[PDB]
Each structure stands twice: as structure tokens, then as C-alpha cells.
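> structure for the following, please:
(chains A and B, ligands or ions: 4)
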2 protein chains.
Amino acid sequence: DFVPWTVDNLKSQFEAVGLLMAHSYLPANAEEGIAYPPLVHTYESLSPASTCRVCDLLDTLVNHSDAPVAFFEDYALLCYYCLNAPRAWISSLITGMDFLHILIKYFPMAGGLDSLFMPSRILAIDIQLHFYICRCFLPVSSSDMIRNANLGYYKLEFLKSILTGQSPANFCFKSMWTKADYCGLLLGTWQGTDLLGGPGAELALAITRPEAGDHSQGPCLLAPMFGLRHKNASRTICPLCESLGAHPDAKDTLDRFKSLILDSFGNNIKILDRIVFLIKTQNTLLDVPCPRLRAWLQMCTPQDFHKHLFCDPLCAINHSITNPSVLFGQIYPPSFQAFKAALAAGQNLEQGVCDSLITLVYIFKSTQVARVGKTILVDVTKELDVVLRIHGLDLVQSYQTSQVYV
Amino acid sequence: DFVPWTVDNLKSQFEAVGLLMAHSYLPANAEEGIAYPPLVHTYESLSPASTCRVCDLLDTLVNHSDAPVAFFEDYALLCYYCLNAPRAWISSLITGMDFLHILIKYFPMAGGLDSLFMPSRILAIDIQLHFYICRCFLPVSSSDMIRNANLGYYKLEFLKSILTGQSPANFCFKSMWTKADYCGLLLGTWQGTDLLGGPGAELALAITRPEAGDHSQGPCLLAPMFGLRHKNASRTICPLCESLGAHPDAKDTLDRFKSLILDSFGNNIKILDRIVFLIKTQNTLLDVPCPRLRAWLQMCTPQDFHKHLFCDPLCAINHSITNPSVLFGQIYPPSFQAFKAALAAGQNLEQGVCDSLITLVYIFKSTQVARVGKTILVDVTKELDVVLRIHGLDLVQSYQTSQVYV
Ligand SMILES: [Zn+2]
Ligand SMILES: [Zn+2]
Ligand SMILES: [Zn+2]
Ligand SMILES: [Zn+2]
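Residues are numbered from 1 along each chain as shown, chains lettered A, B, ... in the order given. Ligands and ions are numbered 1, 2, ... in the order given. Provided below are the atomic coordinates:
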């Protein structure tokens, strides 16, 4: 009956997504003012000795009387879907909305599920920290909590570094270490600087904005970079990584585009020039089925295509971990209950990507965004190169894409 | 019908070469003034995320209707010639003029081919960046754009370093890494300080000069060093490397001169002394056929002969890559169309020199001209020595020729 990533489950809860997207703007003034509640709650959530608020809520609910069965099955299904989504803005939003839907469905007698997304309660950074960064649902053996704890320390330290804007104090790298789109939601909001492209029922109902925060950067705190800075006409919220999660025909379109770039030229023209030419003269952003897709896609600067396709490591992880047949595909009903039960017992939740790889990617993005020295950059670049080559990817040398794009 | 390096194709387009040589003077005042248009356009062209203007023009022309055939054949012929020319001033000028000739011939309905060489359009640095530095016409396999992109980043960074006058900020070397002469054109212009030698229809029609720029350094921005600085009576525009490209009997004359130096002495006299004696007492710069050649050659200080013949690496690359039989020799007509067609399909365009070698040479010239530390100079010297010895050359140790000549 319930299946995640169904747009209806989000279209019927606008009173909640409004409050979520309203409590996730960065402060308007550069200086915090007096004390911006979302930022202080986030800084408390990234503490090294704090408790995951999602797990805390789950235990204060389930460990009461008569926790209904099939709740663990719906939770396992939501976790299986979040295991196959790109780390981006639309993914966090959809996960939050579907989590709230499950809670309102099965546990109606709970206390404050009508105001869940407020400070001192579950917010966006908590949803990310539970479902995507340091996932808290994969089955693990008892003798395997040590390496995970250590990598968790490094993860959280460098995330706090990304957020605060200054590299960690004490760290030397060496000697350490369902068929329905969402494009209306993306195009509806995001009238800030997130497009900068050529020009510049979801769209109608996606019009609201707060005032206490910077309404030019948009809902940053949902993104996996906690901000929107841009250099050389490339930004820290890759819109292609939203398209990967907001439409079924996006990953295949980008694969076809990459094949065209690689194969439709014989000269030694630089790849950015190939992209600019394929987009400019022989328009390949018109022969796309959805009007909203190619309307939100033809307003992406070619530097962004270059970054996403050939340069950035996080975009490669997204492009290689998503699976739009699971997010926008029906499941054989005769096997549905069997699959639900198998997930409840923890049988198919495959890790996906490694954990050292994610920590290394976050370290790299931290040194790419915030300030950094030299002897750490030149070394994290080499290590990222070797690890990415091992794991089965092929991107340009990382020093270039660390000094050119942001 | 059309063949490159024919002096007639340049003698009939003086209204264009005048504007090209007028828009390529360094600014008169040391400080830019307000904003010197050529310099700002160049700084935009050496950006790490910009588009090659030559390829952009070629696509905005050819990818329109009825791009005539045999245009790709003439373009392939021009590229084959530029594949066999010395990196110098006369080479860039001739390539620009012949490119404009081809464009005016085949694409007459184009928009502004009468004012092509203006700022915000094709200029000299763009011609160099297309035809000589990071050549954009060699056929390459699809799986070979990565190493090329990385080397391109380093190339452009250190070229910008040569131009701006300060070494790159973030760089640690270790842990990284047709029978008709042109001599009238050279002797006609270049009444600045480019000769400093003994004394001090092309020449008649080579008299024009702008006023907004430094008319003492001459058209620097065509050279491969973007300036004319000189130390110890040796300059950064090697005139011998112009002779290599402006006369058929130049490479053989210099080879004979080198053989005389090496073989006509038994004592242990230093090589600069051998040069000074061979030029002074037993004049060997009179028994030269062309009057213009030995008139423009006997005004070259012996330090310059020494540099070009035995010391500098770029001059060795020039002396070993040029091929004056291709630039000043007729082709067997029964095979002309076959050769043109074979070039159009990309069959004979051999790379020539490596790409790491060119990047290393530019790094060396950058540290030789601009400011630099120590731990980078002493190491690039060793690496250049080893690479040059591998590639089949024999020059003096590079530290000396880095501290003595400029
Ligand atoms: Zn948790
Ligand atoms: Zn992306
Ligand atoms: Zn080019
Ligand atoms: Zn020379």
C-alpha cells in the first residue's frame, strides 16, 4: 500500500515541507546576529559525543507498548530506497517527507508529530546524519564497531570543518589515515543563484520564503555541502545530481550525453569545448521527452556539465550509486511481501559504497571549499587518485579539479 | 592551387598583418594604465576554464550550411605545415596570415572576416594556443583525453606565470609532476633592441608603428616568450630561430657553423671564444648566398650563437623539429591530391615532439625569466637534464645556462 518516492505522499504534506524548508536557511547576516537557532542546533548535532536524534525518537516511540508490525517493514523499505538515491537536495527532502508520512501513519498517538521539524527536534542535518552520512541501519557484526567509530569521528570532524569554514586544528594527514517526476519541485523553488544558465501542480504550490535568513542562497542546509558558493561558474550544489533523483530519464540521458562527448569528435579539442559545442550548435538539449526536464536542464552552464561528468568525485559516486529503476519502477506484486519480510530481517541491505571512500571524499570537499594549507592538499589529492582508481572509476587528476572548480 | 608559407599570400594582405602587429604591443607604461585591451583579452584567453576562440570560430562557421569540401583539406595542409615550423615570431605571423587567407577564400559570406584580428576576437595568443601550444588538431583516441587535460592545466598555469612575472602560488615540483624568403619582413621591422649586433619588396612595405604601447620592445605578443628581456647580451627572442623559419638555407648554414666550431680547433678554448674567433678573424658570415640573410645574421652577438647552438633547450627543439624542405620545397603534383586527402582523414599528422617535454621546457623558461625560489630551480634543472638526455639531445648542463643567459 505504501511505497516511497511517490510524489503524492509529498503533495499532501505541504504544511510540513514548508516548515522544513523554512528552518533550513543560512542566517541572513554573515554574523549569526545573537544566536540563530538552526545553526546552534546543527552545531550541537555534529558534536562528537551527542546522540542521533532520529534513533532517539525511534526508541522513545517503538519501545513503548504495541509497536505495530509491518512498521519495521515500511522502515526497511524506506531504508532500502535511501540506499539507492543520490546524495543531494531532493533526496534529503523526499526522505524526510516519507519518514514523517510513516510516523503519522503507524504511530498516530505520539506526542508532537505535527511539529516534528522544529529546532531542538528532528531537522535536516539530523536526517542526513541518519540516512546518508554514517548510516544507522545497515546490519553489522558485533566485532565491527571499532573501525566504524574511528571513521565516524573523522567524518564528523571534517563535516564540522565544511560548515564552520576553517580546517581542523589538530590534523596531519600523513601519520594518520511511483512513475511521477519531481522536477516541478526543483524548478518551483530555487530562484536564487543556483542556475545562472542561459536564461534566468508542484510549481504552483512551491512558493513560500522566510525572512530571518539569507533568501539568496536558498535551503542550503538540506544539501550535502551546507552552502552554495561558486567559482568559475560552477557551484557546490550540482543540479545534475538533483536531476538524477527527480526524474527517471535523467541518468540515461546523461550517459548518452557522455557517450556523445567521448565519441563524436576526432580532433584534440578540450572537453569543455566539446561540451560547449554540443550544447550550442547541434542542440542536444531539445530532443528530451519531458518538457520540464529539458527546461531545467538547458539552463545549466557547460562548466557544470564538465564538472559533474568528468571531474568531481562525489558526482561520480552519485552517478554510480543511484538506480532509477528502483526509485521509479513497479515491483512484482507476488514477491512484494516476501521482499518486505526479507528486508525486515536485514538480508538485502548491501553497504553500497565503502566507508573510507566517503570519508575521503568529504575530506577532499572540505579542503576544496574552506581554507587549507599545502602539505595536506597535495597528499589528499594523491590518496584520492589512488583510491578512486582502485574502486573502479576514471576521472581527471584531482589537483586540477581542486584548483579550478569549487 | 593554395600552398602555405608562400610569401605572396602575405604580401597581398597588409591591411590585416598591420592590424595584427598593431594589436600585439606590450603596454607603453609599465602599469597597465586603466585597462589595456590586448592584455585583458590575453588574460581571459589563458584562463583555466575558457574556450579556444579558434575552434569556436571554426564551429560557428563550418557547422552552418554547405561547408565546402577541400576546406578540410586546406586546413589539414596548413596544420601539417605548422607541425613542421620553429616556435618563433615569423611562424606565428605566417600561420595567422595563411589562416585568414583560407577563411577569406572558402567562407566569404561570413560576418566579420575583414576585422578578425581585434580584441574580443582572434588575436596572437589565440593563434599560438591553437596551433603550437596544446595543438588542437592531432587525431587522438577517445581514452586519451585525461593525461592531456592535466598537462594542459600545467602548460597554461606556467604560461600565465611567464606573462604575469611571478611564479605560481601553489606548486611544489616534487610530489607533483614556395621558394621565397621572408628576411625582408624581419629586417624591415625590428628596429628596437632585438639585434644589438655589430652595426645598428618586403622591407619597403613593413613600416608602421602604434603609439599606445611600448614601441621599443616590438610585437612581443607574437613570440613564444611574450616579451623581450635580455641579460649578458642574450635575449628572449632568439633571432636564429627566426632565420630557421624565414629562409631555406638557414638550418644547413647553422649546421655547418656548428661543425666548424666543433672540429676546427685542437686546444681547450671555451666555446664562446671559438665562436668569437670564427666570427671575428676568419669571417664565416660573408660566404653566405643570400645578401639579406648574411646581412641580418652578421648583426647577432656571439653570445646569441652560443645560446642557440649549445645551451638553450627550446632552441634545440626548434633546430630539431623544423624541416625546411617541407616549408620551401615543391611537392610531386601526381601525389598532391592523394596527400591532401590522406591528411584530411588524419593519417600523417605525427605528434612531432612529446607533450611532457614541451611542458617541462616552458616550466624551465618560466623559472629562468621570472622570479623563483631555490628548491624548485635545482630540481627542474636535474629533471630537464635527464629528460633531454633521454630524448636524444646533447646540451651543456642546464644550471649554468639558467644562471648565465636569459
Ligand atoms: Zn542514527
Ligand atoms: Zn553532480
Ligand atoms: Zn583549439
Ligand atoms: Zn634560437
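> next one: the residue in the stretch 1-150 of chain A positioned nearest to chain B from ligand 3, what distance?
Residue of the stretch 1-150 of chain A nearest chain B, by CB to the nearest CB: residue A:88 (23.1 Å). Heads up, the C-betas are built off the backbone N, CA and C, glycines and all. Between residue A:88 and ligand 3 the distance is 34 Å, computed by CB to the ion, to the nearest Å.
> kindly report the same for residue A:138.
Distance from residue A:138 to ligand 3, counting by CB to the ion: 49 Å.
> for that residue, grab the count of nearby residues.
Neighbourhood size, residue A:138 [other CB atoms under 10 Å in any protein chain shown]: 14.
> shouldn't the residue of the stretch 1-150 of chain A closest to chain B be in contact with residue A:242?
Yes. Using CB atoms under 8 Å, residue A:88 makes contact with residue A:242 at a distance of 5.3 Å.
> which ones are touching the closest residue to ligand 2 within chain A?
For chain A and ligand 2, the shortest gap (CB to the ion) falls at residue A:238, measuring 2.8 Å. Applying CB atoms under 8 Å, 6 or more residues apart in numbering or on different chains to residue A:238 gives the contacts A:88, A:304, A:307, A:308, A:312, A:314, A:315, A:318.
> switch to 7 Å and redo it
Neighbour list for residue A:238: A:304, A:307, A:308, A:315 [criterion: CB atoms under 7 Å, 6 or more residues apart in numbering or on different chains].
> contact residues of chain A facing chain B?
A:232, A:262-263, A:266-273, A:276-277, A:281-282, A:303, A:374, A:378, A:396-397, A:400, A:403-404 (CB under 7 Å from any CB of the partner chain).
> does the residue of the stretch 1-150 of chain A closest to chain B really touch residue A:240, like I thought?
No. Residue A:88 is beyond contact range of residue A:240, at 9.2 Å (criterion: CB atoms under 7 Å).
> between those two, who's got more neighbours?
Just comparing residue A:88 and residue A:240: by other CB under 10 Å the higher neighbour count belongs to residue A:88, 27 against 23.
> which residue, other than its chain neighbours, is closest to the more buried one?
Nearest non-adjacent residue to residue A:88, counting by CB to CB, 6 or more residues apart in numbering or on different chains: residue A:241, 4.3 Å away.
> burial measure for that neighbour, as a count.
26.
> kindly format the C-alpha coordinates of whichever strand or helix holds it as PDB.
In the assignment (DSSP states H and E), residue A:241 maps to helix A:239-246. This file holds the C-alpha atoms of helix A:239-246, laid out as PDB (Å, rounded to 0.1, in the frame of the first residue of the first chain):
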ATOM      1  CA  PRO A 239      21.900  20.500 -10.300                       C
ATOM      2  CA  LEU A 240      22.600  17.400 -12.400                       C
ATOM      3  CA  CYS A 241      22.700  15.500  -9.100                       C
ATOM      4  CA  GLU A 242      19.200  16.700  -8.500                       C
ATOM      5  CA  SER A 243      18.000  15.600 -11.900                       C
ATOM      6  CA  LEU A 244      19.500  12.200 -11.100                       C
ATOM      7  CA  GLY A 245      17.000  11.900  -8.300                       C
ATOM      8  CA  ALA A 246      14.000  13.800  -9.700                       C
END
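> how far is that helix from where the chain is centred?
Computed by CA atoms, centre = their mean, to the nearest Å, the chain-centroid distance of helix A:239-246 equals 10 Å.
> can you check stretch A:192-206 too?
Averaging C-alpha positions (CA atoms, centre = their mean) puts stretch A:192-206 19 Å from its chain's average.
> compute the first-to-last residue distance for it.
Start and end residues of stretch A:192-206 are separated by 14 Å (CA to CA, to the nearest Å).
> show me what counts as buried in it.
Judged by neighbour count using 16 or more other CB atoms under 10 Å in any protein chain shown, the buried positions of stretch A:192-206 are A:192, A:194, A:195, A:196, A:197, A:202, A:206.
> so who does the fourth one touch?
With contacts defined as CB under 7 Å, 6+ apart, the neighbours of residue A:196 are A:233, A:301.
> and if you look at the one 4 residues further on?
Residue A:200 makes contact with residue A:299, according to CB under 7 Å, 6+ apart.
> what about it, which helix or strand?
Following DSSP H and E, there is no helix or strand that holds residue A:200.
> for the helix or strand hosting residue A:41, packing partners?
Element membership for residue A:41, per DSSP H and E: helix A:37-45. Here helix A:37-45 touches helix A:124-131, going by 3 or more CB pairs under 7 Å, 6 or more residues apart in numbering or on different chains; DSSP states H and E.
> burial check on the nearest residue to residue A:206 once chain neighbours are set aside, number of neighbours?
Sequence neighbours aside, residue A:188 is the residue nearest to residue A:206 in space, at 3.0 Å (criterion: CB to CB, 6+ apart). Using other CB under 10 Å, residue A:188 is surrounded by 16 other residues.
> can you pull the contacts of residue A:188?
A:202, A:203, A:206, A:207.
> could you do residue A:117 as well?
Per CB under 7 Å, 6+ apart, neighbours of residue A:117: A:16, A:19, A:20, A:23, A:123.
> quick check, the fourth one in contact with residue A:123.
Yes. Assessed by CB under 7 Å, residue A:23 is found in contact with residue A:123 at 6.4 Å.
> what is in contact with these two at once?
A:38, A:117.
> the more surrounded of these two?
residue A:123 (25 against 21).
> so what's the more buried one up against?
Contacts for residue A:123 (CB under 7 Å, 6+ apart) come out as A:23, A:38, A:41, A:117.
> before we move on, back to that, I figured the residue nearest to residue A:88 hits residue A:85, correct?
No. Using CB under 7 Å, residue A:241 is not in contact with residue A:85; the gap is 10.4 Å.
> closest residue of chain A to ligand 4?
residue A:268 (27.0 Å).
> what about that residue, how many neighbours?
Using other CB under 10 Å, residue A:268 is surrounded by 17 other residues.
> would you agree it falls within a helix?
No. Per DSSP: H, G, I helix; E, B strand; the rest coil, residue A:268 lies outside any helix segment and is coil.
> that one against residue B:140, yeah?
Yes. Between residue A:268 and residue B:140 there is a contact at 4.7 Å, judged by CB under 7 Å.
> show the contacting residues for whatever residue of chain A ends up closest to ligand 3.
At 6.3 Å from ligand 3, residue A:269 is the closest residue in chain A, using CB to the ion. Neighbouring residues of residue A:269 by CB under 7 Å, 6+ apart: B:55, B:136.
> mind doing that once more with 8 Å?
A:277, B:52, B:55, B:136.
> save the residues you listed as TSV, and put in secondary structure, neighbour count and distance to residue A:30 too.
Below are the contacts of residue A:269 laid out as TSV (DSSP: H, G, I helix; E, B strand; the rest coil; neighbours: other CB atoms under 10 Å in any protein chain shown; distance: CB to CB, whole Å):
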residue	secondary structure	neighbour count	distance to residue A:30
A:277	helix	22	40
B:52	coil	19	39
B:55	helix	20	42
B:136	coil	18	44
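> quick one: which of these is nearest ligand 1?
Relative to ligand 1, the closest of those is residue A:277; by CB to the ion it sits at 47.1 Å.
> which parts of stretch A:130-140 are buried?
Buried positions in stretch A:130-140, judged by neighbour count with 16+ other CB under 10 Å: A:130, A:131, A:132, A:133, A:134, A:135, A:137.
> between the two ends of that stretch, how far is it?
Using CA to CA, the span of stretch A:130-140 from its first residue to its last is 16 Å.
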